[PDB]
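Text of the file work-v9.cif, holding mmCIF, C-alpha atoms and all ligand atoms:
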data_query
loop_
_atom_site.group_PDB
_atom_site.id
_atom_site.type_symbol
_atom_site.label_atom_id
_atom_site.label_comp_id
_atom_site.auth_asym_id
_atom_site.auth_seq_id
_atom_site.Cartn_x
_atom_site.Cartn_y
_atom_site.Cartn_z
ATOM 1 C CA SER A 1 -12.528 53.696 -36.523
ATOM 2 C CA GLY A 2 -9.767 51.109 -35.978
ATOM 3 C CA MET A 3 -8.363 49.831 -32.684
ATOM 4 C CA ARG A 4 -5.108 49.939 -30.731
ATOM 5 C CA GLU A 5 -2.276 47.596 -31.728
ATOM 6 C CA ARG A 6 -2.526 45.697 -28.425
ATOM 7 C CA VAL A 7 -6.167 44.949 -29.270
ATOM 8 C CA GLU A 8 -5.364 43.940 -32.857
ATOM 9 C CA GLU A 9 -2.692 41.572 -31.528
ATOM 10 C CA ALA A 10 -5.057 40.049 -28.956
ATOM 11 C CA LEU A 11 -7.545 39.362 -31.766
ATOM 12 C CA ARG A 12 -4.843 37.796 -33.940
ATOM 13 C CA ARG A 13 -3.605 35.518 -31.159
ATOM 14 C CA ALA A 14 -7.112 34.535 -30.055
ATOM 15 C CA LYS A 15 -7.979 33.523 -33.615
ATOM 16 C CA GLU A 16 -4.845 31.373 -33.833
ATOM 17 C CA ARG A 17 -5.859 29.683 -30.560
ATOM 18 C CA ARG A 18 -9.631 29.760 -31.040
ATOM 19 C CA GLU A 19 -10.256 25.977 -30.960
ATOM 20 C CA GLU A 20 -8.474 25.875 -27.588
ATOM 21 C CA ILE A 21 -9.972 29.053 -26.110
ATOM 22 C CA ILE A 22 -13.577 28.427 -27.189
ATOM 23 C CA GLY A 23 -13.339 24.761 -26.163
ATOM 24 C CA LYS A 24 -12.000 25.591 -22.703
ATOM 25 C CA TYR A 25 -14.716 28.216 -22.144
ATOM 26 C CA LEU A 26 -17.542 25.847 -23.132
ATOM 27 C CA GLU A 27 -16.159 23.028 -20.966
ATOM 28 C CA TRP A 28 -15.732 25.239 -17.912
ATOM 29 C CA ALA A 29 -19.325 26.445 -18.265
ATOM 30 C CA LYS A 30 -20.576 22.859 -18.623
ATOM 31 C CA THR A 31 -18.555 21.779 -15.567
ATOM 32 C CA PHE A 32 -19.829 24.727 -13.505
ATOM 33 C CA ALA A 33 -23.471 24.000 -14.377
ATOM 34 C CA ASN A 34 -23.129 20.343 -13.324
ATOM 35 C CA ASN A 35 -20.813 20.657 -10.281
ATOM 36 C CA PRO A 36 -22.537 22.159 -7.212
ATOM 37 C CA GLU A 37 -19.239 22.302 -5.281
ATOM 38 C CA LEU A 38 -17.806 24.677 -7.900
ATOM 39 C CA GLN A 39 -20.911 26.876 -7.619
ATOM 40 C CA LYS A 40 -20.572 27.062 -3.812
ATOM 41 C CA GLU A 41 -16.874 27.955 -4.122
ATOM 42 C CA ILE A 42 -17.479 30.840 -6.547
ATOM 43 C CA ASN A 43 -20.247 32.179 -4.322
ATOM 44 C CA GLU A 44 -18.313 32.139 -1.047
ATOM 45 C CA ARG A 45 -15.223 33.739 -2.605
ATOM 46 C CA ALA A 46 -17.405 36.420 -4.235
ATOM 47 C CA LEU A 47 -18.858 37.301 -0.825
ATOM 48 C CA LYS A 48 -15.364 37.592 0.668
ATOM 49 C CA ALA A 49 -14.386 39.896 -2.221
ATOM 50 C CA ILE A 50 -17.164 42.344 -1.314
ATOM 51 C CA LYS A 51 -15.623 42.724 2.164
ATOM 52 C CA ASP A 52 -11.974 42.711 0.967
ATOM 53 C CA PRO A 53 -10.941 42.982 -2.727
ATOM 54 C CA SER A 54 -7.176 42.658 -2.189
ATOM 55 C CA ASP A 55 -6.916 39.003 -3.354
ATOM 56 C CA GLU A 56 -7.134 38.709 -7.143
ATOM 57 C CA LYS A 57 -8.649 35.207 -6.887
ATOM 58 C CA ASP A 58 -11.563 36.455 -4.758
ATOM 59 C CA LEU A 59 -12.204 39.380 -7.121
ATOM 60 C CA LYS A 60 -12.183 36.983 -10.080
ATOM 61 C CA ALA A 61 -14.904 34.930 -8.376
ATOM 62 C CA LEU A 62 -16.973 38.100 -7.805
ATOM 63 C CA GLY A 63 -16.634 38.928 -11.515
ATOM 64 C CA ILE A 64 -17.682 35.421 -12.607
ATOM 65 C CA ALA A 65 -20.728 35.438 -10.322
ATOM 66 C CA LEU A 66 -21.870 38.827 -11.627
ATOM 67 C CA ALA A 67 -21.171 37.937 -15.279
ATOM 68 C CA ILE A 68 -23.487 34.920 -14.917
ATOM 69 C CA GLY A 69 -26.069 36.825 -12.873
ATOM 70 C CA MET A 70 -26.283 39.724 -15.345
ATOM 71 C CA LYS A 71 -27.932 37.553 -18.047
ATOM 72 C CA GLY A 72 -31.229 37.876 -16.171
ATOM 73 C CA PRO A 73 -31.479 41.670 -16.284
ATOM 74 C CA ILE A 74 -30.262 41.727 -19.904
ATOM 75 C CA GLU A 75 -33.246 39.575 -20.904
ATOM 76 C CA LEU A 76 -35.643 41.786 -18.875
ATOM 77 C CA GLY A 77 -34.934 45.129 -20.549
ATOM 78 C CA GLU A 78 -34.224 48.753 -19.804
ATOM 79 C CA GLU A 79 -35.561 49.068 -16.236
ATOM 80 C CA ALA A 80 -33.822 45.900 -15.014
ATOM 81 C CA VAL A 81 -30.548 46.845 -16.730
ATOM 82 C CA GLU A 82 -30.608 50.354 -15.218
ATOM 83 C CA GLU A 83 -31.085 48.843 -11.754
ATOM 84 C CA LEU A 84 -28.210 46.407 -12.379
ATOM 85 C CA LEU A 85 -25.886 49.206 -13.503
ATOM 86 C CA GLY A 86 -26.930 51.148 -10.399
ATOM 87 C CA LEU A 87 -25.837 48.204 -8.259
ATOM 88 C CA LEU A 88 -22.492 47.994 -10.079
ATOM 89 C CA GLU A 89 -21.979 51.712 -9.472
ATOM 90 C CA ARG A 90 -22.526 51.217 -5.726
ATOM 91 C CA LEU A 91 -20.094 48.287 -5.777
ATOM 92 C CA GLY A 92 -17.477 50.470 -7.461
ATOM 93 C CA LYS A 93 -17.695 53.190 -4.793
ATOM 94 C CA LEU A 94 -16.338 50.738 -2.194
ATOM 95 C CA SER A 95 -12.660 50.805 -3.276
ATOM 96 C CA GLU A 96 -10.353 51.349 -6.239
ATOM 97 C CA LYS A 97 -10.104 47.596 -6.952
ATOM 98 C CA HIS A 98 -13.903 47.225 -6.796
ATOM 99 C CA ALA A 99 -14.138 50.180 -9.211
ATOM 100 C CA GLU A 100 -11.884 48.440 -11.741
ATOM 101 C CA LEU A 101 -14.106 45.352 -11.676
ATOM 102 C CA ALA A 102 -17.304 47.413 -11.809
ATOM 103 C CA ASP A 103 -16.123 49.438 -14.806
ATOM 104 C CA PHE A 104 -15.378 46.211 -16.701
ATOM 105 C CA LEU A 105 -18.765 44.697 -15.882
ATOM 106 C CA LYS A 106 -20.587 47.876 -16.950
ATOM 107 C CA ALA A 107 -18.929 47.642 -20.387
ATOM 108 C CA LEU A 108 -19.924 43.969 -20.658
ATOM 109 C CA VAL A 109 -23.573 44.861 -19.967
ATOM 110 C CA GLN A 110 -23.466 47.573 -22.647
ATOM 111 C CA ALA A 111 -21.857 45.227 -25.206
ATOM 112 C CA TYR A 112 -24.601 42.611 -24.715
ATOM 113 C CA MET A 113 -27.324 45.242 -25.154
ATOM 114 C CA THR A 114 -25.807 46.636 -28.368
ATOM 115 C CA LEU A 115 -25.611 43.162 -29.950
ATOM 116 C CA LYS A 116 -29.155 42.122 -28.974
ATOM 117 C CA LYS A 117 -30.778 45.268 -30.345
ATOM 118 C CA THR A 118 -28.915 45.338 -33.696
ATOM 119 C CA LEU A 119 -28.214 41.753 -34.859
ATOM 120 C CA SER A 120 -30.158 38.613 -35.693
ATOM 121 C CA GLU A 121 -30.355 36.071 -32.875
ATOM 122 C CA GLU A 122 -27.745 33.742 -34.349
ATOM 123 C CA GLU A 123 -25.306 36.550 -35.234
ATOM 124 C CA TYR A 124 -25.788 37.919 -31.690
ATOM 125 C CA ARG A 125 -24.816 34.610 -30.079
ATOM 126 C CA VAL A 126 -21.865 33.902 -32.391
ATOM 127 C CA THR A 127 -20.487 37.454 -32.063
ATOM 128 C CA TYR A 128 -20.741 37.170 -28.279
ATOM 129 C CA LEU A 129 -18.656 33.972 -28.290
ATOM 130 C CA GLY A 130 -15.945 35.607 -30.412
ATOM 131 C CA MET A 131 -15.902 38.677 -28.166
ATOM 132 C CA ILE A 132 -15.590 36.644 -24.983
ATOM 133 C CA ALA A 133 -12.746 34.602 -26.533
ATOM 134 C CA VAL A 134 -10.664 37.769 -26.990
ATOM 135 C CA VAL A 135 -11.668 39.050 -23.534
ATOM 136 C CA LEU A 136 -10.686 35.789 -21.818
ATOM 137 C CA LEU A 137 -7.277 35.748 -23.531
ATOM 138 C CA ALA A 138 -6.549 39.324 -22.414
ATOM 139 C CA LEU A 139 -7.678 38.720 -18.821
ATOM 140 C CA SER A 140 -5.615 35.513 -18.609
ATOM 141 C CA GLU A 141 -2.517 37.624 -19.397
ATOM 142 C CA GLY A 142 -3.426 40.313 -16.851
ATOM 143 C CA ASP A 143 -4.199 42.839 -19.601
ATOM 144 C CA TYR A 144 -7.359 44.480 -18.313
ATOM 145 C CA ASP A 145 -7.181 47.533 -20.599
ATOM 146 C CA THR A 146 -7.209 45.312 -23.708
ATOM 147 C CA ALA A 147 -10.159 43.283 -22.382
ATOM 148 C CA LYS A 148 -12.211 46.451 -21.803
ATOM 149 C CA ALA A 149 -11.214 47.825 -25.215
ATOM 150 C CA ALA A 150 -12.676 44.785 -26.977
ATOM 151 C CA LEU A 151 -15.985 45.362 -25.172
ATOM 152 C CA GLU A 152 -15.996 49.055 -26.130
ATOM 153 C CA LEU A 153 -15.511 48.171 -29.806
ATOM 154 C CA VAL A 154 -18.696 46.085 -29.702
ATOM 155 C CA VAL A 155 -20.577 48.834 -27.817
ATOM 156 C CA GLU A 156 -19.774 51.097 -30.789
ATOM 157 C CA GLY A 157 -21.033 48.537 -33.320
ATOM 158 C CA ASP A 158 -17.710 47.115 -34.575
ATOM 159 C CA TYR A 159 -18.950 43.525 -34.314
ATOM 160 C CA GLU A 160 -17.368 42.122 -37.488
ATOM 161 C CA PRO A 161 -13.896 41.086 -36.143
ATOM 162 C CA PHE A 162 -15.527 39.069 -33.353
ATOM 163 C CA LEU A 163 -18.222 37.445 -35.498
ATOM 164 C CA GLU A 164 -15.494 36.422 -37.944
ATOM 165 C CA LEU A 165 -13.458 34.793 -35.155
ATOM 166 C CA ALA A 166 -16.335 32.522 -34.083
ATOM 167 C CA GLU A 167 -17.961 31.668 -37.450
ATOM 168 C CA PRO A 168 -16.495 28.104 -37.485
ATOM 169 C CA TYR A 169 -17.764 27.571 -33.905
ATOM 170 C CA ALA A 170 -21.480 28.185 -34.440
ATOM 171 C CA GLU A 171 -22.409 24.910 -32.747
ATOM 172 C CA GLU A 172 -20.429 25.789 -29.615
ATOM 173 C CA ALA A 173 -22.155 29.196 -29.520
ATOM 174 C CA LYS A 174 -25.540 27.439 -29.439
ATOM 175 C CA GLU A 175 -24.382 25.039 -26.710
ATOM 176 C CA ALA A 176 -23.077 27.905 -24.575
ATOM 177 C CA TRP A 177 -26.581 29.420 -24.786
ATOM 178 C CA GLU A 178 -28.142 26.055 -23.850
ATOM 179 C CA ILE A 179 -25.900 26.048 -20.758
ATOM 180 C CA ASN A 180 -26.874 29.563 -19.683
ATOM 181 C CA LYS A 181 -30.468 28.293 -19.555
ATOM 182 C CA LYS A 182 -29.480 25.757 -16.888
ATOM 183 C CA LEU A 183 -27.967 28.625 -14.837
ATOM 184 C CA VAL A 184 -31.014 30.925 -14.665
ATOM 185 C CA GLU A 185 -31.867 29.905 -11.089
ATOM 186 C CA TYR A 186 -28.250 30.141 -9.910
ATOM 187 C CA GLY A 187 -28.034 33.654 -11.360
ATOM 188 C CA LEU A 188 -31.222 35.038 -9.801
ATOM 189 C CA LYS A 189 -30.191 33.762 -6.363
ATOM 190 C CA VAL A 190 -26.597 34.948 -6.479
ATOM 191 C CA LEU A 191 -27.642 38.429 -7.651
ATOM 192 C CA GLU A 192 -29.963 38.812 -4.657
ATOM 193 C CA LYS A 193 -27.207 37.595 -2.302
ATOM 194 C CA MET A 194 -24.606 40.044 -3.646
ATOM 195 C CA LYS A 195 -27.069 42.942 -3.434
ATOM 196 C CA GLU A 196 -27.619 42.256 0.273
ATOM 197 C CA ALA A 197 -23.886 41.906 0.958
ATOM 198 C CA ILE A 198 -23.055 45.217 -0.746
ATOM 199 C CA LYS A 199 -25.648 47.028 1.375
ATOM 200 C CA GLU A 200 -24.017 45.617 4.517
ATOM 201 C CA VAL A 201 -20.555 47.129 3.866
ATOM 202 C CA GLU A 202 -21.734 50.578 2.723
HETATM 203 MG MG MG A 301 -13.529 45.085 4.661
HETATM 204 MG MG MG A 302 -5.928 38.249 1.615
#

Show this structure as structure tokens.
Ligand SMILES: [Mg+2]
Ligand SMILES: [Mg+2]
Amino acid sequence: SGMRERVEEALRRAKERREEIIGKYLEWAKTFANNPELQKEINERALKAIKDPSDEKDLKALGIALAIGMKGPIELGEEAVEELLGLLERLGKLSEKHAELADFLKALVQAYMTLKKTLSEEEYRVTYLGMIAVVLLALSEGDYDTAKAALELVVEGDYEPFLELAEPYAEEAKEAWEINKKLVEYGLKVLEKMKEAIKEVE
């Protein structure tokens, strides 16, 4: 039970700034879905990151591409998710920086799956928005341990702090799910491209 003070403080500050954080997340996702030049940029920097993780901006692009791509496997169930986690494990064996990214993405997959199998559809989507608000605040400050901690809390079923954060943003949670639907094709393609690139540098 409970959570570390750094995680409590990230939740407190994200709730104070939740109109800003949730609004910026939704608008970035809308811009990405409607701007093909932004999609090409994320994809080419993600491919560079597979060959060389040293630049934080390239590794961020790899994380964004895989966080969008993972929605496919999550909606396909246990076999697809196990294959996706197997791919992340192979990615993590490449270097210590790749391992840090892969460990974060594995926790994000597990958080999604816990929510979907235990909550109603609307509570699932709203809790996810509150969780990602805290995660984005932590990552923007370079605090990767706090970001992963928030995901672990949801894996264990402690959804209530994150649902509570996003309750007044239920409409934005629905719109963020409408936007993911426009990205299904992008995600399937980029996942196949990353899988091929990882095989090449093994
Ligand atoms: Mg290299
Ligand atoms: Mg460099």

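Between atom CA of residue A:110 and atom CA of residue A:155 lies a distance of 6.1 Å.
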
Going by the chain IDs and residue numbers used in this file, which residues fall under the PyMOL selection byres (((not hetatm)) within 10 of (chain A and resi 301))? Write them as a ChimeraX atom specification.
/A:48-54,94-95,201

Which residues of stretch 20-74 of chain A have any atom within 7 Å of an atom in stretch 180-196 of chain A when counting all atoms listed in the file, and what is the closest pair of atoms for each, with the distance in Å to one decimal? Order the rows by chain and rising number and write it as JSON lines.
{"residue": "A:33", "atom": "CA", "partner": "A:183", "partner_atom": "CA", "distance": 6.5}
{"residue": "A:47", "atom": "CA", "partner": "A:194", "partner_atom": "CA", "distance": 7.0}
{"residue": "A:68", "atom": "CA", "partner": "A:187", "partner_atom": "CA", "distance": 5.9}
{"residue": "A:69", "atom": "CA", "partner": "A:187", "partner_atom": "CA", "distance": 4.0}
{"residue": "A:72", "atom": "CA", "partner": "A:188", "partner_atom": "CA", "distance": 7.0}

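Atom CA of residue A:138 to atom CA of residue A:37 spans 27.3 Å [interatomic distance, one decimal].
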
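Relative to atom CA of residue A:88, atom CA of residue A:57 is found at 19.1 Å.
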
Who sits within 12 Å of stretch 22-28 of chain A, all atoms listed in the file, same chain under 2 positions skipped, as a PyMOL selection string:
chain A and resi 14-20+30-35+38-39+64+126+128-137+165-180

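The smallest atom-to-atom distance between ligand MG 302 (chain A) and any of A:154, A:107, A:59, A:139, using all atoms listed in the file, is found for A:59.
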